[PDB]
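J.: For reference, the structure I am asking about is given below.
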Amino acid sequence: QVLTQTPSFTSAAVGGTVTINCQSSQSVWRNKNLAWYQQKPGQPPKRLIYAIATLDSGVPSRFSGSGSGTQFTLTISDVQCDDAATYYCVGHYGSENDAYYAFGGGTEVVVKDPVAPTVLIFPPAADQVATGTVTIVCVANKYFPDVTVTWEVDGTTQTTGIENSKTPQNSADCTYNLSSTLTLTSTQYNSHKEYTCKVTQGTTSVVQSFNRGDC
Amino acid sequence: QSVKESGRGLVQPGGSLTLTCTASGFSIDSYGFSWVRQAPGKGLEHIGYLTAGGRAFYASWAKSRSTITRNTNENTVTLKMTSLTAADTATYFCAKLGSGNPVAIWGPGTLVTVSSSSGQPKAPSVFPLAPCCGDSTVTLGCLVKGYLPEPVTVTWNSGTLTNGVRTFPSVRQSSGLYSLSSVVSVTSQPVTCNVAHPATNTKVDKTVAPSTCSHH
Amino acid sequence: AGXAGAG
């Protein structure tokens with residue numbers, strides 16, 4: 001661990017302040033080669049700061065880098081939904097005939113603005129059943145904070161067969177969207193009638209249901 | 001001033017991966033380039049650095065089984081890793097990191113799946129997503145199921161639909177195959193989801209009817 | 001030197 005980044009996880013409401021720190025076990029090249037990167041899930045990282053404190057192109061003024069020697073800091077004031085991301089410090093090291101880089105472990109930044117979800121359910125397309133396998137899809141739209149999904153088939157809670165996939169926080173409104181899929185064999189699907197997905201946020205549940213015979 | 005990674009995206013344990021980074025708009029010997037990787041849900045980790053002058057330096061964990069190479073004729077830098085395990089499944093980036101200088105350049109990344117238990121390359125089956133036949137503004141989607149390796153690209157009407165378009169991260173299924181889904185909020189058009197699987201050069205176009213009713 | 005390893 002050349003670069004120790006803290007905290008691992010931080011959180012703020014819109015307009016709040018975030019601080020991320022990076023401690024280096026030795027000096028960076030020229031006491032200068034330290035940069036900060038922003039990464040959103042499923043995208044290449046974006047450089048925010050280089051040479052400790054110089055802002056890159058396309059970087060708002062609410063990002064600020066500072067530090068020296070073995071201590072470096074990134075701050076975000078007036079935090080916005082577009083700032084929800086994972087942040088990494090990256091240091092350059094070496095001598096005249098050795099060279100390397102080290103990344104910090106990363107800091108997840110969550111930006112808070114509460115919204116309750118709506119839920120849709122999608123019966124399997126007619127051509128799925130013939131394949132021997134059917135996947136039912138439940139979507140929880142536009143929500144924060146995180147939710148849990150329960151599947152029920154004729155009142156029986158499903159404990160396997162589920163795949164959940166979440167979109168990163170929306171850069172405009174901070175919200176998530178969730179895709180939950182239940183996969184069954186075609187025999188099993190044709191053996192049951194009522195398929196229900198229940199989305200729970202804190203104590204509130206939202207439910208969406210269909211009957212196989214109706215679709 | 002861009003780079004792009006290419007290479008075989010499905011490899012087997014015990015095999016090797018070979019990834020090529022091709023530079024555009026400049027010559028690849030003007031700068032030092034790093035290879036970086038990110039395993040699913042993990043952080044970035046540095047593999048090695050090829051200096052502008054052409055010497056390669058490796059992280060300790062990668063030293064023995066990695067080779068970083070440059071071909072200035074072809075304008076490329078190349079990563080080869082041997083003795084692969086499933087632990088090497090990751091997104092691989094070539095990048096001029098720009099820790100201390102104004103130029104930073106990252107490629108889009110290339111997703112390498114290491115498996116022998118997942119099968120061979122497989123194009124996705126694409127299924128429409130529509131509300132149950134039991135009923136103007138409606139969310140539709142497409143389920144892209146059972147492909148290998150990553151990635152797929154999903155557009156709606158070739159990218160001209162954007163409102164409420166959400167494409168969810170793929171999930172590695174228990175079979176080793178991937179699946180993802182994508183939804184769009186529509187309000188009168190034949191809405192078509194266009195799915196491309198570059199590794200098999202497969203392109204699917206599925207028109208999505210407004211409901212599961214058979215009369216559409 | 002902008003980076004290490006320049007020799």
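Naming works like this for the structure tokens: A, B, ... for the chains as they're shown, residue 1 at the start of each chain, ligands 1 onward in shown order.
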Could you give me, as a tab-separated table, every chain B residue with an atom at most 12 Å from chain C, plus its closest atom pair and distance in Å to one decimal, counting only C-alpha atoms, rows ordered by chain then number?

T.:
residue	atom	partner	partner_atom	distance
B:31	CA	C:3	CA	9.8
B:32	CA	C:3	CA	8.3
B:33	CA	C:3	CA	11.0
B:49	CA	C:5	CA	9.5
B:50	CA	C:5	CA	9.1
B:51	CA	C:5	CA	6.7
B:52	CA	C:6	CA	7.6
B:53	CA	C:6	CA	6.4
B:54	CA	C:6	CA	8.8
B:55	CA	C:5	CA	7.4
B:56	CA	C:5	CA	8.8
B:57	CA	C:5	CA	8.3
B:58	CA	C:5	CA	11.8
B:96	CA	C:3	CA	11.3
B:97	CA	C:3	CA	10.9
B:98	CA	C:3	CA	9.5
B:99	CA	C:3	CA	9.0
B:100	CA	C:2	CA	7.1
B:101	CA	C:2	CA	7.1
B:102	CA	C:2	CA	10.5
B:103	CA	C:2	CA	11.2

J.: Can you pull out every residue within 7 Å of range 34-50 of chain A, counting only C-alpha atoms, but drop anything in the same chain fewer than 4 positions away, and send it as JSON, numbers by chain?

T.: {"A": [28, 54, 55, 56, 59, 65, 85, 86, 87, 88, 89, 90, 91, 92, 168], "B": [98, 99, 100, 101, 108, 109]}

J.: Would you give me, as a PyMOL selection string, the residues in range 23-201 of chain A that DSSP reads as strand (DSSP E)?

T.: chain A and resi 23-24+34-39+46-50+54-55+63-68+71-76+85-95+98-103+107-112+118-122+133-143+148-153+156-157+162-167+176-185+194-201

J.: Find the spatial neighbours of residue 40 in chain B, counting only C-alpha atoms, within a cut-off of 8 Å - ignore same-chain residues fewer than 6 positions away - and output them as a list in words.

T.: residues 89, 90 and 91 of chain B

J.: Select all residues from chain A having any atom no more than 7 Å from an atom of chain B (counting only C-alpha atoms, ignoring ligands), output as a VMD selection string.

T.: chain A and resid 32 to 35 44 50 to 51 90 to 92 98 to 103 105 to 106 121 to 123 125 163 165 to 167 179 210 214 to 215

J.: Take the residues from that selection and write them out as a short mmCIF file (atom, residue, chain, number, x, y, z; two decimals), in the first residue's frame, keeping N, CA, C and O atoms.

T.:
data_model
loop_
_atom_site.label_atom_id
_atom_site.label_comp_id
_atom_site.auth_asym_id
_atom_site.auth_seq_id
_atom_site.Cartn_x
_atom_site.Cartn_y
_atom_site.Cartn_z
N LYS A 32 5.37 16.40 -7.10
CA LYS A 32 4.39 17.04 -7.96
C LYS A 32 3.44 16.07 -8.66
O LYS A 32 2.28 16.43 -8.87
N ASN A 33 3.87 14.86 -9.00
CA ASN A 33 3.09 13.96 -9.86
C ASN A 33 2.06 13.21 -9.02
O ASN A 33 2.22 12.03 -8.69
N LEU A 34 0.99 13.91 -8.69
CA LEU A 34 -0.16 13.33 -8.00
C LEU A 34 -1.42 13.87 -8.68
O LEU A 34 -1.54 15.09 -8.86
N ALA A 35 -2.32 12.98 -9.07
CA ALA A 35 -3.56 13.35 -9.75
C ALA A 35 -4.76 12.69 -9.09
O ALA A 35 -4.65 11.69 -8.38
N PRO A 44 -14.85 5.03 -18.40
CA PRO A 44 -13.44 5.27 -18.11
C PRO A 44 -13.29 6.37 -17.08
O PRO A 44 -14.10 7.30 -17.02
N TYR A 50 -4.33 17.46 -11.64
CA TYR A 50 -2.99 16.96 -11.85
C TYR A 50 -2.00 17.94 -11.23
O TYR A 50 -2.33 19.09 -10.95
N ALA A 51 -0.77 17.46 -11.02
CA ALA A 51 0.25 18.26 -10.35
C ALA A 51 -0.27 18.79 -9.01
O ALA A 51 -0.10 19.96 -8.67
N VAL A 90 -3.85 9.01 -7.63
CA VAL A 90 -2.85 8.24 -8.35
C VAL A 90 -1.51 8.97 -8.28
O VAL A 90 -1.42 10.15 -8.63
N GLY A 91 -0.48 8.27 -7.81
CA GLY A 91 0.84 8.85 -7.63
C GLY A 91 1.85 8.21 -8.56
O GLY A 91 1.76 7.02 -8.88
N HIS A 92 2.81 9.02 -9.01
CA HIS A 92 3.93 8.57 -9.82
C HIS A 92 5.19 8.55 -8.98
O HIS A 92 5.44 9.48 -8.20
N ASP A 98 13.97 3.61 -12.73
CA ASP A 98 12.83 2.84 -12.26
C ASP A 98 11.63 3.78 -12.22
O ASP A 98 11.78 4.96 -11.89
N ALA A 99 10.45 3.26 -12.56
CA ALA A 99 9.26 4.09 -12.67
C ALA A 99 8.03 3.25 -12.38
O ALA A 99 7.90 2.13 -12.88
N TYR A 100 7.12 3.79 -11.56
CA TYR A 100 5.85 3.12 -11.35
C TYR A 100 4.79 4.11 -10.91
O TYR A 100 5.05 5.29 -10.65
N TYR A 101 3.56 3.61 -10.86
CA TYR A 101 2.40 4.32 -10.37
C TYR A 101 1.69 3.48 -9.32
O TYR A 101 1.75 2.25 -9.34
N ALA A 102 0.99 4.16 -8.42
CA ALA A 102 0.13 3.51 -7.45
C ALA A 102 -1.19 4.26 -7.39
O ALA A 102 -1.21 5.49 -7.38
N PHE A 103 -2.30 3.51 -7.37
CA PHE A 103 -3.62 4.08 -7.13
C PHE A 103 -3.99 3.91 -5.67
O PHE A 103 -3.66 2.89 -5.05
N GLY A 105 -6.97 3.16 -2.89
CA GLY A 105 -8.02 2.16 -2.91
C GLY A 105 -9.37 2.68 -3.39
O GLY A 105 -10.21 1.88 -3.81
N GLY A 106 -9.59 3.98 -3.33
CA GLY A 106 -10.79 4.56 -3.89
C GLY A 106 -11.79 4.96 -2.81
O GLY A 106 -11.89 4.35 -1.74
N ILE A 121 -43.35 -4.27 -13.87
CA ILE A 121 -43.05 -5.69 -14.01
C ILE A 121 -43.32 -6.06 -15.46
O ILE A 121 -44.28 -5.56 -16.06
N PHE A 122 -42.47 -6.91 -16.02
CA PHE A 122 -42.53 -7.25 -17.44
C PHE A 122 -42.66 -8.76 -17.59
O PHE A 122 -41.69 -9.49 -17.32
N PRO A 123 -43.81 -9.27 -18.02
CA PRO A 123 -43.93 -10.71 -18.23
C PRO A 123 -42.97 -11.16 -19.31
O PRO A 123 -42.52 -10.35 -20.13
N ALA A 125 -41.55 -12.43 -22.74
CA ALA A 125 -42.00 -12.45 -24.12
C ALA A 125 -42.46 -13.86 -24.50
O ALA A 125 -41.97 -14.85 -23.95
N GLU A 163 -31.32 -11.90 -10.26
CA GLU A 163 -30.17 -11.11 -10.68
C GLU A 163 -30.55 -9.64 -10.60
O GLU A 163 -31.49 -9.21 -11.28
N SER A 165 -29.35 -5.53 -10.80
CA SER A 165 -28.40 -4.68 -11.49
C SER A 165 -28.87 -3.24 -11.38
O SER A 165 -30.02 -2.94 -11.71
N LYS A 166 -27.99 -2.36 -10.90
CA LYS A 166 -28.34 -1.00 -10.53
C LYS A 166 -27.59 0.00 -11.41
O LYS A 166 -26.39 -0.16 -11.66
N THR A 167 -28.31 1.02 -11.89
CA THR A 167 -27.64 2.09 -12.61
C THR A 167 -27.00 3.06 -11.62
O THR A 167 -27.55 3.28 -10.54
N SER A 179 -32.78 -3.02 -11.92
CA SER A 179 -33.34 -4.12 -12.69
C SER A 179 -33.20 -5.39 -11.87
O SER A 179 -32.10 -5.74 -11.45
N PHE A 210 -48.39 -9.68 -11.92
CA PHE A 210 -49.15 -10.12 -13.09
C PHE A 210 -49.50 -11.60 -12.95
O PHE A 210 -48.87 -12.33 -12.17
N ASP A 214 -52.98 -13.99 -18.02
CA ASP A 214 -53.44 -12.72 -18.56
C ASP A 214 -52.56 -12.20 -19.70
O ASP A 214 -53.03 -11.39 -20.51
N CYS A 215 -51.30 -12.64 -19.78
CA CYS A 215 -50.35 -12.04 -20.72
C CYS A 215 -50.01 -12.98 -21.88
O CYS A 215 -50.68 -13.99 -22.10
#

J.: Residues at most 12 Å from residue 204 in chain B, counting only C-alpha atoms, excluding those fewer than 3 positions away in the same chain, as a PyMOL selection string?

T.: chain B and resi 123-128+142-144+152-156+158+192-198+200-201+207

J.: Keeping only C-alpha atoms, write the selected residues to a file as an mmCIF file, in the first residue's frame.

T.:
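As written to disk, again_39.cif reads:
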data_model
loop_
_atom_site.group_PDB
_atom_site.id
_atom_site.type_symbol
_atom_site.label_atom_id
_atom_site.label_comp_id
_atom_site.auth_asym_id
_atom_site.auth_seq_id
_atom_site.Cartn_x
_atom_site.Cartn_y
_atom_site.Cartn_z
ATOM 1 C CA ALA B 123 -24.428 -14.107 -29.301
ATOM 2 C CA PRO B 124 -27.310 -12.784 -27.184
ATOM 3 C CA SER B 125 -30.930 -13.755 -27.469
ATOM 4 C CA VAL B 126 -32.934 -10.523 -27.431
ATOM 5 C CA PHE B 127 -36.459 -10.474 -26.011
ATOM 6 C CA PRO B 128 -38.858 -7.501 -25.889
ATOM 7 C CA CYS B 142 -35.319 -5.402 -24.269
ATOM 8 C CA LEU B 143 -33.708 -8.221 -22.301
ATOM 9 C CA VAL B 144 -30.338 -9.211 -23.787
ATOM 10 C CA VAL B 152 -22.929 -5.526 -25.882
ATOM 11 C CA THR B 153 -24.092 -2.098 -27.001
ATOM 12 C CA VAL B 154 -27.792 -1.226 -26.837
ATOM 13 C CA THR B 155 -29.338 1.746 -28.598
ATOM 14 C CA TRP B 156 -32.979 2.663 -29.159
ATOM 15 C CA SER B 158 -30.209 3.854 -33.359
ATOM 16 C CA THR B 192 -36.654 -0.738 -31.985
ATOM 17 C CA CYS B 193 -33.816 -1.740 -29.700
ATOM 18 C CA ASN B 194 -30.556 -2.298 -31.563
ATOM 19 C CA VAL B 195 -28.181 -4.757 -29.897
ATOM 20 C CA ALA B 196 -24.616 -5.352 -31.060
ATOM 21 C CA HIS B 197 -22.212 -8.033 -29.832
ATOM 22 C CA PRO B 198 -18.858 -7.007 -31.346
ATOM 23 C CA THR B 200 -19.208 -12.251 -32.790
ATOM 24 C CA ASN B 201 -19.972 -9.299 -35.106
ATOM 25 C CA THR B 207 -39.202 -4.046 -32.598
#

J.: Could you give me, as a ChimeraX atom specification, the residues within 9 Å of residue 117 in chain B, counting only C-alpha atoms and dropping anything in the same chain fewer than 4 positions from it?

T.: /B:12,175-176

J.: Select all residues from chain A having any atom no more than 7 Å from an atom of chain C (counting only C-alpha atoms, ignoring ligands), output as a PyMOL selection string.

T.: chain A and resi 93-99

J.: With C-alpha atoms retained, export the selected residues as a compact mmCIF listing (two decimals), in the first residue's frame.

T.:
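What follows is the written file again.txt:
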# COMPACT_ATOMS: atom_id res chain seq x y z
CA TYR A 93 7.18 7.29 -8.33
CA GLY A 94 10.65 6.20 -9.27
CA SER A 95 14.26 7.09 -9.93
CA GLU A 96 16.28 7.70 -13.09
CA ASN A 97 15.95 4.03 -14.10
CA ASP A 98 12.83 2.84 -12.26
CA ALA A 99 9.26 4.09 -12.67

J.: Range 9-211 of chain B: which residues are helix (DSSP H, G or I) by DSSP, as JSON, numbers by chain?

T.: {"B": [63, 64, 65, 86, 87, 88, 157, 158, 159, 198, 199, 200]}

J.: Just write the chosen residues, N, CA, C and O atoms, as an mmCIF file, in the first residue's frame.

T.:
data_model
loop_
_atom_site.group_PDB
_atom_site.id
_atom_site.type_symbol
_atom_site.label_atom_id
_atom_site.label_comp_id
_atom_site.auth_asym_id
_atom_site.auth_seq_id
_atom_site.Cartn_x
_atom_site.Cartn_y
_atom_site.Cartn_z
ATOM 1 N N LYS B 63 5.048 -8.561 -12.523
ATOM 2 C CA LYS B 63 6.384 -8.625 -13.110
ATOM 3 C C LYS B 63 6.633 -9.919 -13.894
ATOM 4 O O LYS B 63 7.058 -9.884 -15.054
ATOM 5 N N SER B 64 6.378 -11.075 -13.278
ATOM 6 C CA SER B 64 6.873 -12.331 -13.845
ATOM 7 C C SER B 64 6.091 -12.807 -15.067
ATOM 8 O O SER B 64 6.642 -13.539 -15.896
ATOM 9 N N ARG B 65 4.815 -12.446 -15.192
ATOM 10 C CA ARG B 65 3.963 -13.002 -16.236
ATOM 11 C C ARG B 65 3.400 -11.946 -17.183
ATOM 12 O O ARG B 65 2.515 -12.262 -17.987
ATOM 13 N N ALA B 86 -8.929 -17.007 -13.381
ATOM 14 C CA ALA B 86 -10.152 -16.212 -13.402
ATOM 15 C C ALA B 86 -9.985 -14.886 -12.668
ATOM 16 O O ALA B 86 -10.737 -13.938 -12.931
ATOM 17 N N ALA B 87 -9.009 -14.796 -11.762
ATOM 18 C CA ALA B 87 -8.713 -13.539 -11.091
ATOM 19 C C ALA B 87 -8.318 -12.431 -12.063
ATOM 20 O O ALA B 87 -8.309 -11.260 -11.672
ATOM 21 N N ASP B 88 -7.970 -12.768 -13.303
ATOM 22 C CA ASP B 88 -7.538 -11.786 -14.290
ATOM 23 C C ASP B 88 -8.693 -11.242 -15.127
ATOM 24 O O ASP B 88 -8.461 -10.409 -16.012
ATOM 25 N N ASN B 157 -33.829 3.037 -31.385
ATOM 26 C CA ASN B 157 -33.960 3.729 -32.662
ATOM 27 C C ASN B 157 -32.614 4.331 -33.073
ATOM 28 O O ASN B 157 -32.505 5.495 -33.468
ATOM 29 N N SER B 158 -31.571 3.508 -32.958
ATOM 30 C CA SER B 158 -30.209 3.854 -33.359
ATOM 31 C C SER B 158 -29.636 5.011 -32.547
ATOM 32 O O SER B 158 -28.723 5.702 -33.007
ATOM 33 N N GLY B 159 -30.150 5.230 -31.339
ATOM 34 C CA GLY B 159 -29.651 6.267 -30.463
ATOM 35 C C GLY B 159 -30.486 7.525 -30.439
ATOM 36 O O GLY B 159 -30.184 8.432 -29.652
ATOM 37 N N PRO B 198 -20.011 -7.120 -30.433
ATOM 38 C CA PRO B 198 -18.858 -7.007 -31.346
ATOM 39 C C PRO B 198 -18.037 -8.281 -31.474
ATOM 40 O O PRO B 198 -17.528 -8.568 -32.565
ATOM 41 N N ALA B 199 -17.887 -9.060 -30.398
ATOM 42 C CA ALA B 199 -16.975 -10.200 -30.451
ATOM 43 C C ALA B 199 -17.404 -11.230 -31.491
ATOM 44 O O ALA B 199 -16.552 -11.926 -32.054
ATOM 45 N N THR B 200 -18.706 -11.365 -31.745
ATOM 46 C CA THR B 200 -19.208 -12.251 -32.790
ATOM 47 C C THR B 200 -19.706 -11.480 -34.005
ATOM 48 O O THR B 200 -20.261 -12.086 -34.928
#

J.: Expressed in Å to a single decimal, how great is the separation between CA of residue 81 in chain A and CA of residue 16 in chain A?

T.: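 CA of residue 16 in chain A lies at a distance of 10.9 Å from CA of residue 81 in chain A.
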
J.: As an exercise, work out the distance from CA of residue 200 in chain A to CA of residue 151 in chain A in Å and give it to one decimal place.

T.: 11.4 Å

J.: Mind giving me the straight-line distance from CA of residue 184 in chain B to CA of residue 138 in chain B in Å, one decimal?

T.: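 A separation of 8.5 Å between them.
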
J.: Need the shell around residue 183 in chain A: protein/DNA/RNA residues with any atom at most 9 Å away, counting only C-alpha atoms. Skip same-chain ones fewer than 4 positions apart. Format as a list in words?

T.: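 That gives residues 133, 134, 135, 136, 137, 160, 161, 162, 163 and 189 of chain A.
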